[PDB]
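Read through the structure below, which is laid out as structure tokens, and then see the notes.
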Amino acid sequence: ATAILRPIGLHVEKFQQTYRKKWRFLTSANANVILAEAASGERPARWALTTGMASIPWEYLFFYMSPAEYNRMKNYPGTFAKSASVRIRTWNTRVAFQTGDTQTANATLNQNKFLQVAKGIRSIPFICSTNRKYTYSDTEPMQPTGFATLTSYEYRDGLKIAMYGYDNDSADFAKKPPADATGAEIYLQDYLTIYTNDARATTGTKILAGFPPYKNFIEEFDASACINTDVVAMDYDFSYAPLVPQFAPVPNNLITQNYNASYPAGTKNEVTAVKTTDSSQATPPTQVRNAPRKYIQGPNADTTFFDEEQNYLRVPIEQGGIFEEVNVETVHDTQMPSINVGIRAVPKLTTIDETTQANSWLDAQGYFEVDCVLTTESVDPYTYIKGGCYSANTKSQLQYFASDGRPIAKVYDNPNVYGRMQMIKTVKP
Amino acid sequence: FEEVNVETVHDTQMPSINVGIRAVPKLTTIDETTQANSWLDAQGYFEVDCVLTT
Amino acid sequence: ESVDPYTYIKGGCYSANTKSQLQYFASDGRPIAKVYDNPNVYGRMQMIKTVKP
Amino acid sequence: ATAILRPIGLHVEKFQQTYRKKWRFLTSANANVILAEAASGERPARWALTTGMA
Amino acid sequence: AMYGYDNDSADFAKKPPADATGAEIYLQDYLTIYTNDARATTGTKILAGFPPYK
DNA sequence: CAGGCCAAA
DNA sequence: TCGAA
DNA sequence: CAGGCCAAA
DNA sequence: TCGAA
DNA sequence: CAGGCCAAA
DNA sequence: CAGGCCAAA
DNA sequence: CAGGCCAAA
């Protein structure tokens, strides 16, 4: 029999977008030295071991998309980041012909140059590491002598301004010609740092294990043979990266009496849980279901995380485990692999009278060409005939919140805890 | 220009040509995420052949 | 079909000015549009002033 | 020679959308009759011939 | 610079013609990209920055 | 990948 | 076709 | 040799 | 399977 | 070898 | 085109 | 046999 109607279902429009950037980065070949970091609050006294492996911030949205693209993206509710890709090529590595010292005839045409690549060091459970900005000595510019006070947020903000420039009405407009326009090189300042405990003032039983042998977890190549070659190629598929919240549904409490109904979940976990661990071992690991949560669209929505533009440069793109959907969901913890690349410090051609590492270095600089692609997807659903887009309420989203109203998000800036990236309260910009 | 006959005329322009060398940053450290603020002297050498027929 | 063009780095979408559009207007400020409701004139659909809803 | 930059041009995103409807219409089989329409302003007096073609 | 001065010029020796010598000439005209300066603009400002000319 | 626009061909 | 195919 | 541990696969 | 095979 | 120019096609 | 969501498969 | 005329194509 002829069918005059068939179940065609909803009209839903899906939109895929792609964002590409090309960056050229300059890195300094820092010496590996030990710096003391004094105790401060809950931070214990510790030793820090510096490197020249600059952090590549491929985990953040500004790395892939301009302020104009970001501003336009807010007009597409339900936008999810789907995949991110990065390719790193190295160019010729420059090493100074001589050092500043005049007493030694240290100039030499012969060079030994080495390129260092570290993938996924951030997640190694027994290596405590972060990316830090150093201060350097005036006589030895390759030698860190302390820590800059710049935060990770401020570092990424400065990188973003270098990439995309100021507003046309800024008094400081001329200070940063946008590399997205010129294609000029940008200096990176955030370097992989390895920590270990400082037991000088420790009372009772001391842990005297020294350092982890972190060189056993990096790749090091002859830089003379890597000119104009790819050294890193990484692809990442996001688990849950909601960049713009979904369209709100038509609220069923306006239509139904049973809007606050209950139903079986069986043995399935449909509400996520928060895991807390304690490496001091004063308390055992705990798992708590039904964390404080807020809807991010709809009647009582709290959109602070998206209103504050946290996901542009302050927090990583991947946020799996931080958000919930009201359906029968399966959620796991997430983290993107870290990327650090750089040039090993080049010792100055001179004699020393002891069996030690070098104490003076030649100026050396890495030149890295970075390609990056980000793909996203958004939806325009029409559940109802009038009044714009509305999604099914099974698409409704929630976000972890703290009791003071601050949204909670994943952060990659702190060292891993049991190989995990912690989630912390966001800070208002 | 016009000619008095039954003419067909459109707007014109020749394509522009610009060539050069990108600035070469000086080998030095700076303490911020910016472009270079000091450069090495660098110079492009271009050999140009040109033919015009009339 | 619609387009999101990015001619500039900041401040949202901007198109090339060769995409700029104009519409016929009457002297009283009413936009002019085609209408199909009137009979054809020499086989043509006339354009008339729009009326405010 | 290896090209570090190529003219990729602008980023432009194109979006195609489709709209479907199904309608069922009832029409009346009108008689073809002649109605007089009186003159009004610039409208001249005329005869009108009706149809059932909706 | 290409073709030199007249033989009676007081400045004749200053520019030996490159059409005769084949020597190199320095160019001084460079591509420049403009954008609006909204520091003193009143009302609605256009804050789009620069076009990505690279 | 240039010549009266490019997101058209 | 006052490019020119 | 990267993504919720690696000494598991 | 909120990577994905 | 002519018809909106011929030195254009 | 139905059974714990569909815009997922 | 419809879309800037049809008795033109």
Side-chain angles (χ1 to χ4, degrees), chain A residues 19-26 55 57 60-75 133 148-190 307-315 370 372 374 427-429, chain B residues 22-23 25 30-39, chain C residues 4-17, chain D residues 5 10-11, chain E residues 30-54:
Chain A
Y19 306 91
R20 326 203 163 237
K21 298 291 170 300
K22 176 170 246 140
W23 307 120
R24 302 144 87 148
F25 290 130
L26 297 178
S55 183
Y60 302 87
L61 217 58
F62 82 101
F63 198 68
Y64 304 89
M65 65 190 295
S66 86
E69 293 163 321
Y70 185 76
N71 285 358
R72 178 59 180 166
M73 176 194 70
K74 299 174 194 171
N75 300 146
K133 184 177 180 197
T149 80
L150 200 77
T151 69
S152 310
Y153 302 143
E154 297 168 310
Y155 175 74
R156 283 190 290 274
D157 193 34
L159 205 53
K160 191 269 299 189
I161 296 162
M163 304 178 152
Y164 302 119
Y166 291 100
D167 290 334
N168 299 64
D169 64 342
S170 175
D172 305 325
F173 185 81
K175 296 194 189 54
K176 289 193 175 185
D180 194 32
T182 66
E185 298 86 0
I186 307 158
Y187 290 68
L188 296 181
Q189 308 291 346
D190 222 23
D307 291 332
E308 287 174 358
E309 305 188 301
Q310 294 276 347
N311 61 11
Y312 189 51
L313 64 91
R314 295 174 70 81
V315 300
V370 183
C372 60
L374 181 79
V427 175
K428 190 206 280 273
Chain B
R22 179 180 287 280
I30 72 179
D31 39 43
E32 265 292 325
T33 54
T34 46
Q35 77 161 8
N37 55 16
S38 179
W39 302 268
Chain C
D4 281 4
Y6 300 96
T7 51
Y8 279 66
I9 290 164
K10 308 171 63 83
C13 294
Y14 296 98
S15 57
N17 60 6
Chain D
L5 294 169
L10 261 40
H11 175 212
Chain E
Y30 292 98
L31 179 67
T32 306
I33 312 303
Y34 307 103
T35 199
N36 64 295
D37 176 12
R39 264 174 322 173
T41 292
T42 325
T44 285
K45 294 173 172 166
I46 298 294
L47 303 183
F50 278 103
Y53 76 85
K54 51 168 250 298

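Residue numbers start from 1 in every chain, and the chains themselves are labelled A, B, ... in the order their sequence lines are given, proteins ahead of strands.
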What distance separates A:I186 CD1 from A:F25 CZ, expressed to the nearest 0.5 Å? 5.0 Å
With sequence neighbours excluded, give me every salt bridge (charged side-chain N to carboxylate O under 4.0 Å, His left out) pair touching residues 180-190 of chain A. A:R24-A:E185, A:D180-E:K54
Any donor-acceptor pair under 3.5 Å from A:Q310 side chain to A:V427 backbone: yes
Can you name the ring pair (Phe, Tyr, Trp, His ring centres under 6.0 Å) partners of A:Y60, sequence neighbours left out? none
The reported gap from CZ in E:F50 to CD1 in E:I33 (rounded to nearest 0.5 angstrom) is 8.5 Å
Side-chain ion pair, B:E32 and A:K133, N-O less than 4.0 Å: yes
Do C:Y8 side-chain atoms and A:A68 backbone N/O form a donor-acceptor pair below 3.5 Å? no
Minimal heavy-atom distance between A:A174 and A:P177, with the atoms involved, is O-CD, 3.7 Å
CG on A:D157 to OG1 on A:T151, rounded to 0.5 Å: 9.0 Å
Do you know the tightest heavy-atom contact between A:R72 and C:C13? CG-SG, 3.6 Å
Of E:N36, E:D37, E:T32, which is the lone residue that meets side-chain contact (heavy atoms from CB on, under 4.5 Å) with E:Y34? E:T32
Which heavy atom of A:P178 sits nearest a heavy atom of A:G165, and at what distance? CB-N, 3.9 Å
Going by heavy atoms in the side chains, are A:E69 and A:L374 under 4.5 Å from each other? no
Side-chain (A:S66) to main-chain (C:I9) donor-acceptor, under 3.5 angstrom: yes
To check you understand the geometry: which heavy-atom pair defines the closest contact between E:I46 and E:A38, and what is its length? O-CB, 4.3 Å
Donor-acceptor contact below 3.5 Å, side chain A:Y312 vs main chain A:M65: yes
Test your reading of the model: is there a side-chain donor-acceptor pair from E:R39 to the backbone of A:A171, 3.5 Å cut-off? no
Just by distance, do the side chain of C:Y14 and the backbone of C:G11 share a donor-acceptor pair under 3.5 Å? yes
Is A:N71 close to A:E309 at the side-chain level, that is, under 4.5 Å between some pair of heavy atoms? yes
As an exercise, state the distance from CG of A:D167 to CZ of A:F173, rounded to the nearest 0.5 Å. 8.5 Å
dist A:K160:NZ -> A:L61:CG (nearest 0.5 Å) comes out at 12.5 Å
Closest non-hydrogen atom pair, C:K10 against E:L47: CB-O, 3.6 Å
Are the aromatic ring centres of A:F63 and A:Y19 under 6.0 angstrom apart? no
Mark yes or no for whether A:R156, through its side chain, and A:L313, through its backbone, hold a donor-acceptor pair below 3.5 Å. yes
Minimum heavy-atom separation for A:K176 and B:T33, please, with both atom names. NZ-O, 3.6 Å
Flag, side chain of A:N168 to backbone of E:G49, donor-acceptor distance under 3.5 Å: yes
Per side-chain contact (heavy atoms from CB on, under 4.5 Å), A:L159 is matched among A:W23, A:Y164, A:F62, A:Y187 by A:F62
Can a donor-acceptor pair be found, under 3.5 Å and without considering hydrogens, that links the side chain of A:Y155 to the backbone of A:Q189? yes
Distance (rounded to the nearest 0.5 Å) between A:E308 CD and A:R314 CZ: 8.0 Å
